[PDB]
Each structure stands twice: as structure tokens, then as C-alpha cells.
2 protein chains.
Amino acid sequence: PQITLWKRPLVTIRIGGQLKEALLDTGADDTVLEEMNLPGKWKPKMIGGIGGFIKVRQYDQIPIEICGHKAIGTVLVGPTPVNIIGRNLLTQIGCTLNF
Amino acid sequence: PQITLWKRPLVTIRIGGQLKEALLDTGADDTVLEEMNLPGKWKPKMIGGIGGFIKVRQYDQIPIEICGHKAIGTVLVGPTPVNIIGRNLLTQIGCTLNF
Ligand SMILES: CC[C@H](C)CN(C[C@@H](O)[C@H](Cc1ccccc1)NC(=O)O[C@H]1CO[C@H]2OCC[C@H]21)S(=O)(=O)c1ccc(N)cc1
């Protein structure tokens with residue numbers, strides 16, 4: 001689709017058989033999801049945002065269907081204000097900015 | 001233009017003197033710029049993201065040129081690590097997400 005920006009670009013994602021709303025966030029290098037259970041090994045990591053640093057759990061090679069488009073990549077789980085889809089997965093679904 | 005997301009979507013903006021590099025950020029509701037001493041009235045505000053909140057000064061009706069496109073609107077100013085062009089101005093320069 002083409003998504004305009006008068007409203008937040010929120011879309012439905014499917015991860016681990018669950019449906020969630022997430023924000024298409026071109027300002028995010030990484031994909032960061034609110035606290036949830038994902039299977040498999042994870043690694044403790046830290047990331048910084050506008051307000052400072054948080055601790056996250058890094059899950060590698062996780063499938064997510066974003067608005068009908070398949071991605072398989074790194075997902076960070078931690079205390080983000082909202083689920084964000086960052087550039088690591090936006091590139092996989094062929095997302096660009098246009099003006 | 002079309003901007004892929006392999007790299008951070010940084011572009012040149014102008015606000016007065018001062019050309020700056022800023023992120024075209026679909027995840028930011030409002031534009032937030034690094035500390036700078038703008039003229040005019042303003043109001044304090046707190047904006048939240050990963051890590052928590054920062055305090056900013058909200059200036060209204062500030063003209064900004066973004067990649068040669070004219071925009072005018074709210075510009076938040078505070079201790080952000082990166083200059084961020086948010087949705088309030090992205091719509092003004094005709095910017096969409098496409099995939
Ligand atoms: C609530 C949604 C989202 C977290 C809001 N943020 C915009 C976001 O694009 C920031 C923009 C941002 C970029 C870089 C530093 C700080 C902020 N990115 C971000 O936090 O990304 C993190 C995930 O990947 C990593 O890559 C960048 C930092 C990490 S924000 O910076 O906090 C923000 C919040 C409110 C306004 N008005 C403007 C900006």
C-alpha cells in the first residue's frame with residue numbers, strides 16, 4: 001500500500017500466531033516490541049532512544065507478517081512505549097519513503 | 001524522490017541559518033530538533049520514547065525547508081541525540097510510506 005502520514009502509520013502484524021498493532025517507524029534502526037513471550041534463545045542487549053537506554057531481549061530470525069508481507073529477522077522485546085517496526089524489517093518488506 | 005531504508009533516512013533541512021541533517025521519521029508525531037536558540041514564544045512539553053521522556057520547547061509556525069520543500073509548523077527543541085522530522089511536517093512535503 002501507500003500510507004500517508006496524517007495519522008500514525010499503525011498496522012497489524014502477526015508474530016507467533018498472535019495479532020498486534022505496531023508502528024511503522026523509519027526513525028528506528030531496530031524492531032522493538034512490548035513485553036511478550038517468544039520461543040528460543042535470546043541474548044540480553046541494550047538500546048538507546050530519545051529518553052535514554054533500556055535493556056531488551058534480542059531474538060534472532062523471527063518471522064513476522066507485516067500488513068501481509070513476510071519478514072524474518074531480529075526482534076527486540078522490552079519496555080518500548082509502543083510496538084515499533086524498524087528499518088531492519090521495513091527493508092525486508094520493500095518499504096521506502098516517497099515525496 | 002524515493003528513499004530506501006538500508007541506511008538512516010537522513011536529509012538536509014534548513015531552519016534560519018543552520019542547515020542540519022535530520023531523520024525523516026514516520027514514528028515521530030512531531031518534529032524535534034537538537035538544542036538551538038530560536039526566536040519567539042514557546043511552551044514547555046515532555047515527549048516520551050525508548051528510555052523515557054525529555055523536556056522540550058514547543059515553537060509554533062516555524063518555517064523549515066526539507067530537501068528543498070517548504071514546510072511550516074510546530075518544531076520541538078530539546079536534548080534529542082538526533083534531529084527528527086516528524087509527521088507534522090512530513091505530510092507538508094508530501095511524504096508517504098510505500099511497499
Ligand atoms: C513512541 C514511538 C517512537 C519510539 C518515538 N520516537 C521516534 C523514533 O523513530 C526514534 C527516533 C530516534 C532515533 C535515534 C535516537 C533517538 C531517537 N527511534 C527509536 O527510538 O529507535 C530505537 C529503535 O532502533 C534504534 O535506532 C534508533 C534508536 C533506537 S521518539 O524519538 O522517541 C519521538 C517521540 C515523540 C516525538 N514527537 C518525536 C520523537
# chains A, B, ... in the order shown; residues from 1 in each chain; ligands from 1
$ residues_around --residues "residue A:71" --least-positions-apart "6" --cutoff "12 Å" --atoms "only C-alpha atoms" --output "ChimeraX atom specification"
/A:13-15,31,60-65,85-95
$ interface_residues --of "chain A" --to "chain B" --cutoff "10 Å" --atoms "only C-alpha atoms" --output "PyMOL selection string"
chain A and resi 1-10+23-29+32+47-55+67+69+78-82+84-99
$ select_by_dssp --residues "chain A" --states "strand (DSSP E or B)" --output "PyMOL selection string"
chain A and resi 2-3+10-15+18-24+32-33+43-49+52-66+69-77+84-85+96-98
$ calpha_fit_rmsd --fixed "chain B" --moving "chain A"
0.6 Å
$ atom_distance --atom1 "atom CA of residue A:21" --atom2 "atom CA of residue A:66"
9.7 Å
$ closest_residue --among "B:76, B:39, B:20, B:12" --to "ligand 1" --atoms "only C-alpha atoms and all ligand atoms"
B:76
$ select_by_dssp --residues "chain B" --states "helix (DSSP H, G or I)" --output "VMD selection string"
chain B and resid 87 to 90
$ write_last_selection --atoms "N, CA and C atoms" --output "short mmCIF file (atom, residue, chain, number, x, y, z; two decimals), in the first residue's frame"
data_model
loop_
_atom_site.label_atom_id
_atom_site.label_comp_id
_atom_site.auth_asym_id
_atom_site.auth_seq_id
_atom_site.Cartn_x
_atom_site.Cartn_y
_atom_site.Cartn_z
N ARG B 87 5.87 13.59 11.67
CA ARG B 87 4.72 13.55 10.77
C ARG B 87 4.07 14.90 10.52
N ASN B 88 4.15 15.81 11.48
CA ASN B 88 3.51 17.11 11.34
C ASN B 88 4.05 17.86 10.11
N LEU B 89 5.31 17.61 9.75
CA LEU B 89 5.95 18.26 8.62
C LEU B 89 6.13 17.32 7.44
N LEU B 90 6.22 16.01 7.69
CA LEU B 90 6.31 15.04 6.61
C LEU B 90 5.11 15.12 5.67
#
$ atom_distance --atom1 "atom CA of residue B:30" --atom2 "atom 30 (S, counted along the ligand's line) of ligand 1"
8.9 Å
$ closest_residue --among "B:43, B:16, B:73, B:33" --to "ligand 1" --atoms "only C-alpha atoms and all ligand atoms"
B:33
$ closest_residue --among "B:11, B:19, B:56, B:38" --to "ligand 1" --atoms "only C-alpha atoms and all ligand atoms"
B:56
$ atom_distance --atom1 "atom CA of residue A:41" --atom2 "atom 30 (S, counted along the ligand's line) of ligand 1"
28.7 Å
$ closest_residue --among "B:42, B:37, B:75, B:59" --to "ligand 1" --atoms "only C-alpha atoms and all ligand atoms"
B:75
